[PDB]
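K.L.:
quick one, what's the 3D model for this:
(10 chains, ligands or ions: 8)
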Amino acid sequence: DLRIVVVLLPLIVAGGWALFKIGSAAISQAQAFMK
Amino acid sequence: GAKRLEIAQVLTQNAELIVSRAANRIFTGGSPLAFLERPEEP
Amino acid sequence: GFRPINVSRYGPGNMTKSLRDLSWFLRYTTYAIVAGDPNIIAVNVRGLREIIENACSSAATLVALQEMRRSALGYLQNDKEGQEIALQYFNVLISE
Amino acid sequence: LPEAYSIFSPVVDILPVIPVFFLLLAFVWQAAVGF
Amino acid sequence: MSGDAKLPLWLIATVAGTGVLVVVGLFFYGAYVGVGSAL
Amino acid sequence: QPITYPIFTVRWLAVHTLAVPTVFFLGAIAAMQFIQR
Amino acid sequence: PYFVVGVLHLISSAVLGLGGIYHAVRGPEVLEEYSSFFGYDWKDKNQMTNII
Amino acid sequence: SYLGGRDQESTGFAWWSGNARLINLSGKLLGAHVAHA
Amino acid sequence: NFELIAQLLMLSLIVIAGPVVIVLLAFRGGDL
Amino acid sequence: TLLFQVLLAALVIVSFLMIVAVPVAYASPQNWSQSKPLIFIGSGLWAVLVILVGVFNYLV
Ligand code: CLA
Ligand code: CLA
Ligand code: CLA
Ligand code: CLA
Ligand code: HEM
Ligand SMILES: CC1=C(/C=C/C(C)=C/C=C/C(C)=C/C=C/C=C(C)/C=C/C=C(C)/C=C/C2=C(C)CCCC2(C)C)C(C)(C)CCC1
Ligand SMILES: CC1=C(/C=C/C(C)=C\C=C/C(C)=C/C=C/C=C(C)/C=C/C=C(C)/C=C/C2=C(C)CCCC2(C)C)C(C)(C)CCC1
Ligand SMILES: [Ca+2]
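P.N.:
Residues are numbered from 1 along each chain as shown, chains lettered A, B, ... in the order given. Ligands and ions are numbered 1, 2, ... in the order given. Below is the structure:
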């Protein structure tokens, strides 16, 4: 089952770019509604 | 004032060209620079 | 919202007042440079735009006078000293 | 298809399709300004 | 480059419109080669 | 003066659903098309 | 002869392409107002028969 | 007085019906057909 | 296929050769 | 006939230069006087080079 590994490697660099580039504003939006 | 005359002594002979630079961006269908009525000499 | 106007829609008797003003905008600029004071530019321009608001375009005058200024200071690239004088004086003509 | 011109057989193959591109260009211009 | 934060909408309507128009153009090319071609 | 809008909402999840499985399937279609019998 | 008849249409589109960009952009907007020839009004019917 | 140009509101025509700014303009109608021919 | 690649390249150059006449007018200030 | 590469290869890159530079010159009031001539040296190069591929068609 090595072939499932290479197909989710663009799936994890999809969210891996979502960490570094916006997510400073996301935790401030997770700071919203006092919870 | 010797410098201030030299600014006018560059602009007076270049004023006939500088309207053809100016009017060619706001006018399209005609050579507006030759559509002028310049004051004649004699 | 500016478009350049065509001469055929404008009129030859309507534009012969127009094109002599373009020489007249710099003829008084050359008058004010040797006069040493920009008062004559800054007094014959106040409310000229609201005179010619019906006939001429107000947006076409700003873009014409700006590139009249920019092409005139391109002629003063050699002296390096009077170019900042006329940049002060043409900016009176734009801002008034 | 002439022997001398030849090599072009890439470039003159596409030359009908450019009048379709003349219509869509107009849409781009309209998108630009005035709409 | 920020007067507004990016180049405007008609520039991105083109290349993401051409990016649509190449993929549906890729589909009609694939009716003629490949497994469904009968060639 | 200014207005701040929130980034994530219900519609951020409404538009990503049927777009994350769209361009992942667009890619699948292209891949399927290149390959042959 | 089949090749030269299309290049004589391919080169004849470029000089027919210069007119449709000069007369649409740089040229005059008031076609009529000129040397009393073209333009028209669509209602001076003696002029509109001369185009046909 | 006029000489508005090619907008929505000087001629009453929109971005579609995208010639009828050139019904009365004689010169640019010639540039329509010569670019078309 | 080199010929096919060249043909595709020719098609490429020429498609966005269209709108680069539009953006160069829309950023130098030419009246569109 | 090896000249028939480089003549018409120069034509296809100078006529690609005319699909783009002609609406720029036509497009602006600002550069029209400066650019007006540049079409007569522009198209005048393109005219005699289409004439020169004409005589070199028959010669090879
Ligand atoms: C006998 C020849 C003939 C005639 C009478 C016409 C007539 C027309 N053409 Mg056309 N054309 C022709 C040959 C012809 N064409 C050829 C050989 C080519 C090269 C392939 C073109 C390329 C061409 C382009 C690129 C464009 C036209 C457009 C137009 C329309 C002009 C004005 C307009 O905006 O209408 C308004 C028209 C409508 C609101 C809808 C009309 C829908 C018609 C009935 C469908 C067919 C259009 C046209 C006849 C064929 C174009 C095919 C394709 C390139 C799009 C009009 C319908 C313009 C147009 O409007 O495109 C649709 C346009 O952009 N033509
Ligand atoms: C439907 C076509 C058509 C029509 C009706 C017009 C009409 C006009 N053009 Mg024009 N033009 C056209 C196509 C057309 N143009 C094309 C395709 C181009 C690009 C080459 C131009 C480039 C052009 C320029 C650059 C100018 C005009 C100008 C003018 C105006 C004055 C005419 C004049 O005094 O010329 C004088 C006429 C002659 C000296 C006679 C020459 C006749 C030709 C060259 C001989 C060949 C005729 C030919 C054999 C007939 C059969 C054609 C066949 C090959 C299909 C007039 C309104 C002028 C203008 O707008 O005013 C400022 C102007 O300066 N035109
Ligand atoms: C010789 C042909 C001819 C000419 C010169 C004109 C001229 C004109 N028409 Mg017109 N028209 C014609 C034939 C013609 N008509 C025919 C035959 C139809 C029926 C289909 C129409 C339907 C039509 C509509 C629907 C209306 C006009 C209007 C107008 C005026 C404005 C044009 C405009 O803004 O374009 C508008 C152009 C568009 C919106 C672009 C639409 C492009 C269509 C959708 C393309 C069609 C598909 C095409 C083949 C592409 C296929 C690509 C392929 C890959 C799928 C103008 C006077 C308007 C009017 O009354 O003003 C006075 C009006 O509202 N036209
Ligand atoms: C056969 C297709 C055809 C043709 C010839 C025209 C022609 C014209 N339209 Mg038009 N139109 C069309 C289809 C067409 N249209 C369609 C399908 C629509 C619906 C989307 C419209 C919608 C439309 C509107 C709403 C308006 C026009 C206007 C105009 C006129 C002036 C354009 C202008 O001022 O902008 C100038 C544009 C530019 C400077 C942008 C640069 C684009 C360049 C010039 C294109 C050509 C580049 C070319 C590839 C280079 C050729 C190579 C060379 C060697 C020959 C012009 C005659 C306008 C008008 O009435 O004029 C006042 C107007 O208001 N049209
Ligand atoms: C898993 C992959 C994806 C990631 C990581 C992602 C990331 C994001 C982010 C971070 C935003 C918020 C924008 C911002 O505030 O900066 C957003 C919104 C958006 N995304 Fe994506 N996206 C993905 C998939 C897609 C796809 C496939 C599309 C369709 C082409 C798409 C279209 C949009 C749209 C239209 C918005 C705006 C919606 C809204 O905010 O209301 N996204 N995406
Ligand atoms: C490439 C080549 C060749 C060729 C060469 C040549 C020789 C070319 C030429 C071409 C040409 C030589 C073209 C031309 C064209 C022209 C035209 C097409 C014209 C038109 C005209 C018009 C359109 C007009 C109009 C008008 C006016 C403007 C005025 C009056 C009115 C009228 C309307 C008439 C050959 C085959 C050898 C071979 C291969 C190579
Ligand atoms: C002869 C010849 C030539 C020339 C050519 C030409 C003629 C060019 C031009 C071209 C052109 C002129 C092109 C155009 C294009 C266009 C485009 C590319 C557009 C568009 C696209 C799209 C995709 C669209 C989209 C859309 C829609 C659909 C609608 C709405 C809006 C939007 C944007 C969204 C050369 C020398 C080079 C080569 C050789 C041959
Ligand atoms: Ca070819």
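K.L.:
going by C-alpha atoms from here, please, whenever you check contacts or count neighbours.
P.N.:
Fine.
K.L.:
spell out the secondary structure type for the residue most central in space within chain A.
P.N.:
In chain A, the C-alpha nearest the mean C-alpha coordinate belongs to residue A:15, at 3.2 Å (Cα atoms, centre = their mean). At residue A:15 the chain is in helix, as set by DSSP: H, G, I helix; E, B strand; the rest coil.
K.L.:
quick check: it vs residue C:65, distance?
P.N.:
The gap separating residue A:15 from residue C:65 is 53 Å, by Cα to Cα, to the nearest Å.
K.L.:
again with residue F:23
P.N.:
As judged by Cα to Cα, residue F:23 and residue C:65 stand 51 Å apart.
K.L.:
residue J:8 sits in which helix or strand?
P.N.:
For residue J:8, the element it lies in under DSSP states H and E is helix J:3-15.
K.L.:
is there proximity between the next helix or strand after that helix and ligand 2?
P.N.:
Going down the chain from helix J:3-15, the next helix or strand is helix J:18-27, by DSSP H and E. No: taking Cα under 6 Å from any ligand atom as the criterion, helix J:18-27 and ligand 2 are apart, separated by no less than 11.9 Å.
K.L.:
quick one: name the residues of chain E near ligand 7.
P.N.:
Selection of chain E residues close to ligand 7 by Cα under 6 Å from any ligand atom yields E:13-14, E:17-18, E:21.
K.L.:
among those residues, which ones are buried?
P.N.:
residue E:14 (16 or more other Cα atoms under 10 Å in any protein chain shown).
K.L.:
greatest separation within the residues of chain E next to ligand 7: which pair is it?
P.N.:
Maximum pairwise distance in the residues of chain E next to ligand 7, criterion Cα to Cα, is 11.6 Å, between E:13 and E:21.
K.L.:
please report the distance of residue G:8 from residue G:17.
P.N.:
Residue G:8 is 14 Å from residue G:17, where distance means Cα to Cα.
K.L.:
these two: who's more crowded?
P.N.:
More crowded of residue G:8 and residue G:17, by other Cα atoms under 10 Å in any protein chain shown: residue G:17, with 16 against 10.
K.L.:
just checking, what packs against whatever helix or strand residue F:22 lives in?
P.N.:
Per DSSP H and E: residue F:22 is located in helix F:20-34. Secondary-structure packing of helix F:20-34 (3 or more Cα pairs under 8 Å, 6 or more residues apart in numbering or on different chains; DSSP states H and E): helix E:9-29.
K.L.:
what is the neighbour count of residue D:11?
P.N.:
Using other Cα under 10 Å, residue D:11 is surrounded by 15 other residues.
K.L.:
can I assume it is in contact with residue I:10?
P.N.:
Yes: the pair residue D:11 / residue I:10 is scored as a contact, 6.0 Å apart, by Cα atoms under 8 Å.
K.L.:
which parts of stretch C:13-26 are buried?
P.N.:
C:15, C:18-20, C:22-23, C:25-26.
K.L.:
go on, stretch G:19-36?
P.N.:
For stretch G:19-36, the neighbour count (16+ other Cα under 10 Å) marks G:19-33 as buried.
K.L.:
near ligand 7 at all, that stretch?
P.N.:
No: counting by Cα under 6 Å from any ligand atom, ligand 7 has no neighbours in stretch G:19-36; the shortest distance is 12.5 Å.
K.L.:
in chain A, what residue is nearest chain C?
P.N.:
residue A:22 (35.9 Å; Cα to the nearest Cα).
K.L.:
neighbours of that residue, how many?
P.N.:
11.
K.L.:
chain G: strands as residue ranges?
P.N.:
Applying DSSP state E to chain G gives no strands.
K.L.:
show me where it has helices.
P.N.:
Along chain G, the segments classed as helices by DSSP state H run G:4-21, G:45-51.
K.L.:
what's the closest of those helices to chain E?
P.N.:
With respect to chain E, and counting by Cα to the nearest Cα, the nearest of those is helix G:4-21 at 22.9 Å.
K.L.:
and the closest one, what does it pack onto?
P.N.:
Packing partners of helix G:4-21 (3+ Cα pairs under 8 Å, 6+ apart): helix H:26-36.
K.L.:
if you set the cut-off to 10 Å instead, what comes out?
P.N.:
Secondary-structure packing of helix G:4-21 (3 or more Cα pairs under 10 Å, 6 or more residues apart in numbering or on different chains; DSSP states H and E): helix H:26-36, helix J:18-27, helix J:42-59.
K.L.:
out of these, which is closest to residue I:17?
P.N.:
With respect to residue I:17, and counting by Cα to Cα, the nearest of these is helix J:18-27 at 7.4 Å.
K.L.:
all set now, cheers.
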